[PDB]
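Each chain is listed here by its residues.
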Amino acid sequence: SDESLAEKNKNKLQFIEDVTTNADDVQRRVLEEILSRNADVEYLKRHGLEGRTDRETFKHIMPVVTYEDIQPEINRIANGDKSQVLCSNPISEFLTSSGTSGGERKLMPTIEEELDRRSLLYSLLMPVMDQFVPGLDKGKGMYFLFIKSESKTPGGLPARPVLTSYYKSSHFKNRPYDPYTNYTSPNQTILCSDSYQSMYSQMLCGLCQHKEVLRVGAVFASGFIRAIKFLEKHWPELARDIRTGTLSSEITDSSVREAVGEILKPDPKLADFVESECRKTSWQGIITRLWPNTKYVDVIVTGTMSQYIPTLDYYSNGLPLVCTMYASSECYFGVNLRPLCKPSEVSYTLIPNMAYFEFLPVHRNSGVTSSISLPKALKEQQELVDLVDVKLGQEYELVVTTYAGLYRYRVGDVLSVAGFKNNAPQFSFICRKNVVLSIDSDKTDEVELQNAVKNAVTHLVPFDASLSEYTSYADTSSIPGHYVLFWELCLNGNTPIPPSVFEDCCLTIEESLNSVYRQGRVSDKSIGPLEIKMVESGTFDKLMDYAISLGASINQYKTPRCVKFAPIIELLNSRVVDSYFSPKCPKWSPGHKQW
Ligand SMILES: O=C(Nc1ccc(Nc2ccc(Cl)nn2)cc1)c1cccc(C(F)(F)F)c1
Ligand SMILES: Nc1ncnc2c1ncn2[C@@H]1O[C@H](COP(=O)(O)O)[C@@H](O)[C@H]1O
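### Re the pattern of salt bridges
Evaluated as defined, the whole model comprises 38 salt bridges. In this structure, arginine 46 engages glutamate 73 in a salt bridge whose closest nitrogen and oxygen atoms are separated by 3.1 Å. Taken together, the positions of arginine 46 in helix α3 (residues 42–46) and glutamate 73 in helix α5 (residues 67–78) put the pair 27 residues apart, joining distant regions of the chain. Classification of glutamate 73 as buried rests on a relative accessible area of 6%.

### What about the site of ligand 1?
Residues in close proximity to ligand 1 total 14 residues, the closest being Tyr122, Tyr183, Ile300, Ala327 and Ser328. Note that an oxygen atom of ligand 1 is positioned 2.5 Å from one of the side-chain N or O atoms of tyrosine 122. One nitrogen or oxygen atom from the side chain of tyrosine 183 is found 2.7 Å from a nitrogen atom belonging to ligand 1. Here ligand 1 has 600 Å² of accessible area as a free molecule, and 84% of this is covered by the chains. Looking at the shell around ligand 1, the elements with two or more residues in it are α8 (162–168), α9 (170–173) and β9 (325–328). A breakdown of the residues in the shell around ligand 1 according to their chemical character gives eleven nonpolar, three polar and no charged.

### Section: the packing of helix α12 (residues 221–244) against helix α16 (residues 309–316)
Relative placement of two packed helices is described by the angle separating their axes and the distance separating the axes. Two numbers describe how α12 lies on α16: the axes approach to 10 Å, and their chain directions differ by 45°. Judged by the inter-axis angle, α12 sits oblique to α16. Here α12 runs over α16; the crossing is left-handed. Here α12 contributes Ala221, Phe224, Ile225, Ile228 and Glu232 to the contact with α16, which in turn contributes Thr311, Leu312 and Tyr315.

### Describing the layout of surface pockets
What the second largest pocket holds in volume is close to 470 Å³. Forming the boundary of the second largest pocket are 23 residues, of which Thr100, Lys106, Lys433, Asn434 and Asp445 lie nearest the centre. Broken down by secondary-structure element, the contributors of at least two residues to the lining of the second largest pocket are α5, β1 (93–101), β15 (409–421), β18 (444–445) and α17 (446–456). A total of four residues in the lining of the second largest pocket trace back to one element, the largest contributor, which is β15.

Cut-offs and rules
- Residues numbered from 1 in each chain as written, not as in the entry; some residues may be left out.
- Chains lettered and ligands numbered in written order.
- Heavy atoms only, no water.
- Residues with missing side-chain atoms left out of burial classes, pairs and counts.
- Salt bridge = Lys/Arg side-chain N within 4 Å of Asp/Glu carboxyl O.
- Helix = DSSP H or I, 4+ residues; strand = E, 2+ residues; numbered from the N terminus.
- Buried < 20%, exposed > 50% of the residue type's maximum accessible area, 1.4 Å probe, protein only.
- Near = heavy atom within 4 Å.
- Polar contact = N/O pair within 3.5 Å; in protein donor to acceptor, adjacent residues only side chain to side chain.
- Areas by Shrake-Rupley, 256 points an atom, 1.4 Å probe, with all protein chains shown as cover.
- Nonpolar A, V, L, I, M, F, W, Y, C, P; charged D, E, K, R; others polar.
- Axes fitted to C-alpha atoms, helices over the stretch in contact; angles between N-to-C directions.
- Parallel < 35°, antiparallel > 145°, perpendicular 65-115°, else oblique.
- Left-handed = near helix turned anticlockwise from the far one by under 90°.
- Contact = heavy atoms within 4.5 Å.
- 1 Å grid on protein atoms, 1.4 Å probe; cavity = no way out; pocket = protein on both sides within 12 Å on 5 of 7 lines; lining within 4 Å.
- Points joined across faces, edges and corners; volume = space filled by probe spheres on them.

See the structure below:
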């Protein structure tokens, strides 16, 4: 079995070599299967494909679509149309993207067979890693994994995030014993409907088995950071449970009590140890004191999660940060072939079996923007670029055809070719296009921010005052982070504006933001209350003065809706007068509002 572990790792690696070497043959083979299997579906037939399966006809005939283009089809399916609308296979469920249309979560169709390709990509992760850090099979992994809120569409189909349906699927719930997926969190502890009990029991099991832990993490840095904050707010009770060997009576779930009972045993010496480390004024490096055998931290810190690297580096004492894979609700994408690289060097290799990948060349106005446009010498020729044909150093937007009824759908991700593994390109992740604010899974764009602020400023009309200018940033100085707005008012009124109405503005912004933002505030507690900081009169003029000094024409300058440049955020913060916070949670409820 030690041997058949090595054999298995050698095979998964040889698969990487074969699929990256044969990537176009695979991409052609995948497409040919999707259009063969789905030739009589309504969507393809309606576009005149006539059951043709060749890449050349497919690119020439099918339109490149956004989610809003195909919403009719998706909504009919989510209303119970069980005909072969987009897929020849029944849509098993809908996977709810964190990206939104109309403030509501986008509904990505999937089919049951897609669970295999997802496990396939997961199955690549430890074989790759074991190359660089051997011996992880002799240990456990402390990962805080969580199910999230879940819904039913009008037609009856489930609607839930990928990981929720993955964690509940047979592929995970009854998974075969893998010594590389030997976690300190028991299943029933992850599958717990109650998120507090789920976090409480996972932390207890992590501390209980603290010396077996060779890696820690969560899916996102934000989530793992919230678990450290939890240990900070709950270590006396947890130590007490370890000491007495009994689980807090507040843990109701009998699944969990049973599960925790297998691990938890009275350990006064371990309680003393937890306490002595948590009691220290500094938590710098506490991860490697509590879990001293930890070899790395397994959290995504690419994309907007990059803001969390310093807080991570503080708690881990500069342990390596490891970003293993890249994926979405519509499709699992690729693998990091160099897991021990610096976060700003991470490249993802798309596995050509997951879907048929296409690439639309894009051009950004700077390296800092999440805003797109189309090159001059490049939306009439939607004869895009194929996987093997992307060029080193160029940026593209990601396009995907999936087994489950997406044809040439724009994911909305911007990638940059950083290199190649054999013939398969490796992408550095740039951004999800138009996102300007993000703490956890929430992804707010400028349009949403703008319309939220337009709603908010109506509370000022009674007082004969207005918003001259504003900007925002994502404040991660606290756990959880929050959105900050900088407001400069114009006051032409003789009733002073009571503080309650600035709070009314914070709430009104929050209520206008999408349902992922609101679910974060209401359910996930992944986002703290919005803040509005009022700045001295003249502040945005002083900004514009910088811009002009540096080359800008006045009749063209526009105050950015969002800023992430630390020195400019620091300047704005220097001219703050007061700050106001949302006084309660916005409204959120599971599902689309129509339901
Ligand atoms: O899934 C992701 N990371 C992940 C990695 C390992 C494990 N651990 C497992 C898995 C399977 C089994 Cl069988 N055992 N252990 C769990 C989750 C991921 C990554 C990037 C984006 C997204 C998405 F949400 F945006 F799609 C998801
Ligand atoms: N490893 C990663 N690094 C940066 N961003 C990621 C990564 N994985 C997923 N994402 C982002 O999250 C999206 C998927 O969101 P969702 O559909 O909500 O699961 C992707 O399309 C990317 O925008």
